[PDB]
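Heads up, the thing below is written out as structure tokens.
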There are 2 protein chains.
Amino acid sequence: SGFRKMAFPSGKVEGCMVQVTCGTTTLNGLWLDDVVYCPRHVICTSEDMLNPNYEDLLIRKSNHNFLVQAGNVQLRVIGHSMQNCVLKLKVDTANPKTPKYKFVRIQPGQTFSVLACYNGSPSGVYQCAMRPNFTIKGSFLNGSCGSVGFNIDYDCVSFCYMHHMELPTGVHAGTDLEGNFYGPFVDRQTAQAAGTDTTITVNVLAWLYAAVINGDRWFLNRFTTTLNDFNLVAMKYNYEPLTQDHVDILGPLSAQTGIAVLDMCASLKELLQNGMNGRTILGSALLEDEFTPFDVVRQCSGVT
Amino acid sequence: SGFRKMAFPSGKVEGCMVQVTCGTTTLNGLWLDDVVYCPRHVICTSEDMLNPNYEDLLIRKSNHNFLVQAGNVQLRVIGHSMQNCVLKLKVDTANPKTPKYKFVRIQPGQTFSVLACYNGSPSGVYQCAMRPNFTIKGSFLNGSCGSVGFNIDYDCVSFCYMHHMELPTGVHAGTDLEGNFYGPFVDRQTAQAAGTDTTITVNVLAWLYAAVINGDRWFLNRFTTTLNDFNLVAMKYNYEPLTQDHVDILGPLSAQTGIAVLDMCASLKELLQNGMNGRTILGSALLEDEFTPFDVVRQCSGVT
Ligand SMILES: *[C@@H](CC(=O)OCC)[C@H](C[C@@H]1CCNC1=O)NC(=O)[C@H](Cc1ccccc1)NC(=O)[C@H](N)Cc1ccc(F)cc1
Ligand SMILES: *[C@@H](CC(=O)OCC)[C@H](C[C@@H]1CCNC1=O)NC(=O)[C@H](Cc1ccccc1)NC(=O)[C@H](N)Cc1ccc(F)cc1
């Protein structure tokens, strides 16, 4: 029993992290086979911030202008190209520690693990959700760009995020590993705003199931509701509408606990309208929305 | 910016995890050089658990009663012995992935990362604190015994915890890697109770500094206090006394924010006496006590 913010083991990703330096600028890269992927803003200076001419900046760069180090050991760059907002540096040594991997794009509300790195050295691992406004509430400092987010599906590492920037509101934005931003963001220093965020309803319901599995049941009465009645309340509290698909994905948790999905919706409706009245659920005094149904299963079942 | 529950990168520990089977009973082991360490209750059956006579059980077994697997490769056992509550199985091959390591015994209030494993396969990593009552609030299912906790100091893995059992209250108990339990617990299935738990004051103060660094400042007041005055309030609310060494460990956070520790104590005193009033600190409606001053520095400064 117990429930924690649990990340995937990070070893397979740690072995792929490198440092990329161009001029005075250093950030992280992801070394897979004979290519290093990193944010293309490594080729910028301060003069280029508002309107970087990335093609111009890259044409002026040779392979020798890129300094790639793995564990502070230099790899030699033998080619360079741009894909969207990512630079792809071909190196003359393939990474013998490359895991089976895929590049995936995650959907809003889904979670991933982030390996926070500085100067090619991993600092820590934590769990993040892609918010409905396509930002993440990460933990990143200067030097962290090129850190990646990932999930492990079976034995495949599914890379889904590469870190690029922090908005003034303290949230984070980045790309998939093909260099396309999540959300309405660009890698130039225009003033950019995220949309109003909302609460990920299906994930709150999943977390309430995790509480029931762990014995924290005080919020469970034998109440039930309809999907439409629940959504009329959810919207008053800035919760995402619940669809029948979301109901379907909660099936395994409903199956384990014996609590129908719309009964849990009724419990959540009561928690929203009346509050938690000083009580905690799974150690939190707020309703938590960064655990997916799969996250709860995997933690409450022991998948490896 | 940002602040998450962040674990250490787990790759150096992943390479040490093995599966140990004795008859029908399987759990995890830690493979370092040519020794595998695991909980000694692997040698037990149902009737042993009231009062396992572990010396008898161990001496009557042969090396061939132990099946150790690193992935799918079998490691032949060439000796078996017991140190306190840990079994040491000498194997015929040294682990080629053995990191620099130490076995350390951590003090109450300190944090560590847990690599939760099943059948020798890592499943996830999360951060834990040793509670003042010498239990941990972990996330463990059947098959997780032998999972370890650790910190990474420089490039040395400091192993501090190996998982053995769950108390009826839902909290967890285990040993250091010398096989000595934290707290008064024993590896017998008997009614065992943890003493009252208290809140780790120095950690709450570190988390309030993390909040200020991240721009949450509403709870700051203009007052100061003394260690003696504050400690009268701490004991009213079941907080651990604050020591001068705790004040000094907070100095790096005081230096970064310009808020004296005793000023922060005065702010915490008001939070304990009035609560939060439907406001939040770092996205929580409770005072969080599982981040040490170092965890905040390491995260808010980018230690790798
Ligand atoms: C990574 C840059 C790096 O490591 O390379 C050289 C050391 C860094 C990460 C953030 C710093 C602090 N916390 C972070 O998450 N990113 C930047 O500094 C980023 C560079 C950039 C990226 C894309 C367009 C323009 C500049 N700059 C910023 O994050 C600041 N906040 C400026 C900014 C940029 C874009 C916005 F929409 C708002 C604000
Ligand atoms: C690990 C055991 C394992 O993997 O062996 C393979 C068959 C497991 C971990 C707990 C399972 C569910 N969540 C956990 O954390 N440990 C046990 O099952 C443990 C075995 C044991 C260990 C030491 C003395 C006696 C039995 N048994 C228990 O944890 C239950 N809760 C019984 C118990 C034991 C000791 C106490 F103080 C209170 C309750």
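Chain lettering (A, B, ...) mirrors the order of the structure tokens, residue numbering begins at 1 for each chain separately, and ligand numbering begins at 1 in order of display.
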Interface list for chain A, partner chain B, 9 Å threshold, only C-alpha atoms, as a PyMOL selection string: chain A and resi 1-15+115-128+137-144+166+170-172+214-215+283-286+298-304
Grab the residues selected above and save them as a compact mmCIF listing (two decimals), in the first residue's frame with C-alpha atoms.
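Saved result, selection-v3.txt, follows:
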# COMPACT_ATOMS: atom_id res chain seq x y z
CA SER A 1 0.00 0.00 0.00
CA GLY A 2 0.92 3.67 -0.18
CA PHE A 3 0.84 6.16 -3.00
CA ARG A 4 3.67 8.44 -4.09
CA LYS A 5 4.61 10.64 -7.03
CA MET A 6 6.56 7.91 -8.78
CA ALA A 7 8.74 8.40 -11.84
CA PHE A 8 10.02 5.73 -14.19
CA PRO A 9 13.53 4.46 -13.49
CA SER A 10 15.84 6.84 -15.30
CA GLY A 11 18.93 4.76 -16.05
CA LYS A 12 18.12 4.15 -19.71
CA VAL A 13 17.83 7.89 -20.24
CA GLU A 14 20.83 8.90 -18.07
CA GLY A 15 23.12 7.07 -20.49
CA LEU A 115 15.24 13.77 -16.08
CA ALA A 116 16.41 17.21 -15.07
CA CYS A 117 19.97 17.76 -16.26
CA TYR A 118 22.64 20.45 -16.20
CA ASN A 119 25.74 20.51 -18.40
CA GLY A 120 24.97 16.95 -19.48
CA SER A 121 24.84 15.59 -15.94
CA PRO A 122 21.51 14.34 -14.55
CA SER A 123 20.36 16.04 -11.35
CA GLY A 124 17.06 14.32 -10.53
CA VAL A 125 13.89 12.71 -11.84
CA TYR A 126 10.28 13.77 -11.22
CA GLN A 127 6.79 13.27 -12.60
CA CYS A 128 5.03 15.93 -14.72
CA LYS A 137 4.60 22.60 -14.04
CA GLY A 138 8.23 21.56 -14.02
CA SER A 139 11.31 22.35 -11.96
CA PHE A 140 14.01 23.79 -14.22
CA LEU A 141 16.83 26.31 -13.82
CA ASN A 142 19.27 28.00 -16.16
CA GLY A 143 21.17 25.26 -17.91
CA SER A 144 18.31 22.76 -18.00
CA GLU A 166 10.00 29.10 -18.84
CA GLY A 170 6.73 30.01 -13.68
CA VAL A 171 5.45 27.22 -15.92
CA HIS A 172 7.37 25.51 -18.69
CA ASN A 214 -5.33 2.42 -0.09
CA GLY A 215 -8.19 2.48 2.43
CA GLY A 283 -1.82 12.96 2.40
CA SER A 284 -3.09 15.94 0.37
CA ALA A 285 -5.53 18.66 1.41
CA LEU A 286 -6.27 19.46 -2.26
CA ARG A 298 0.90 0.75 -12.41
CA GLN A 299 1.60 1.85 -8.86
CA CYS A 300 -1.21 -0.18 -7.31
CA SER A 301 -0.21 -3.33 -9.25
CA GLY A 302 3.59 -3.36 -9.50
CA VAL A 303 4.49 -3.25 -13.20
CA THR A 304 8.17 -3.39 -14.08
Protein and nucleic residues near ligand 2, 10 Å, only C-alpha atoms and all ligand atoms, as JSON, numbers by chain: {"A": [1, 2], "B": [20, 21, 22, 24, 25, 26, 27, 28, 39, 40, 41, 42, 43, 44, 45, 46, 48, 49, 50, 51, 52, 85, 117, 118, 119, 138, 139, 140, 141, 142, 143, 144, 145, 146, 147, 163, 164, 165, 166, 167, 168, 169, 170, 171, 172, 173, 174, 184, 185, 186, 187, 188, 189, 190, 191, 192, 193, 194]}
Non-local contacts of residue 130 (chain A) (9 Å; only C-alpha atoms; under 3 positions in same chain excluded) as a list in words: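 Result of the neighbour search: residues 106, 107, 108, 109, 110, 111, 112, 133, 134, 135, 136, 137, 182 and 290 of chain A.
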For CA of residue 154 (chain B) and CA of residue 294 (chain B), the interatomic separation in Å (one decimal):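 Those two atoms sit 13.5 Å apart.
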Nearest residue to ligand 1 from the set A:72, A:224, A:81, A:175 (distances using only C-alpha atoms and all ligand atoms):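 When distances to ligand 1 are compared using only C-alpha atoms and all ligand atoms, the smallest one comes from A:175.
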Shell of 7 Å around region 33-38 of chain A, only C-alpha atoms, local chain residues under 4 positions omitted, as a PDB file with C-alpha atoms, in the first residue's frame:
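Ended up saving to part.pdb:
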ATOM      1  CA  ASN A  28      21.877  19.426 -22.814  1.00  0.00           C
ATOM      2  CA  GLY A  29      21.434  17.006 -25.677  1.00  0.00           C
ATOM      3  CA  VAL A  86      15.564  20.796 -32.718  1.00  0.00           C
ATOM      4  CA  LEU A  87      19.124  20.553 -33.975  1.00  0.00           C
ATOM      5  CA  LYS A  88      20.337  17.094 -35.020  1.00  0.00           C
ATOM      6  CA  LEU A  89      24.099  16.666 -34.719  1.00  0.00           C
ATOM      7  CA  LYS A  90      25.507  13.548 -36.349  1.00  0.00           C
ATOM      8  CA  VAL A  91      28.537  12.363 -34.376  1.00  0.00           C
ATOM      9  CA  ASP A  92      31.214   9.885 -35.348  1.00  0.00           C
ATOM     10  CA  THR A  93      30.468   7.592 -32.389  1.00  0.00           C
ATOM     11  CA  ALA A  94      27.216   5.736 -31.806  1.00  0.00           C
ATOM     12  CA  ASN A  95      25.986   5.548 -28.220  1.00  0.00           C
ATOM     13  CA  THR A  98      21.046   3.643 -26.569  1.00  0.00           C
ATOM     14  CA  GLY A 146      17.453  19.952 -23.560  1.00  0.00           C
TER      15      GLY A 146
END
Distance criterion (only C-alpha atoms): nearest to residue 237 (chain B) out of B:268, B:213, B:253, B:57: B:268
Selection near region 260-266 of chain A, 12 Å with only C-alpha atoms, sequence-local residues under 2 positions removed, as a PyMOL selection string: chain A and resi 201-212+217+219-234+241-258+268-273
Residue list (alpha helix (DSSP H), DSSP) for region 54-281 of chain A, as an MDAnalysis selection string: chainID A and resid 54:59 201:213 227:236 244:249 251:257 261:274
Which of region 134-296 of chain A fall in strand (DSSP E or B), as a PyMOL selection string: chain A and resi 136+148-153+156-166+172-175+181+199+239+281+284
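Coordinates place CA of residue 18 (chain A) at a distance of 7.0 Å from CA of residue 71 (chain A).
When only C-alpha atoms and all ligand atoms are used to compute distances to ligand 1, the closest of the residues A:277, A:19, A:74, A:238 turns out to be A:19.
When only C-alpha atoms and all ligand atoms are used to measure the gap to ligand 1, the shortest distance among A:103, A:80, A:58, A:47 belongs to A:47.
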Among the residues A:293, A:148, A:131, A:79, the one that comes closest to ligand 1 [using only C-alpha atoms and all ligand atoms]: A:148
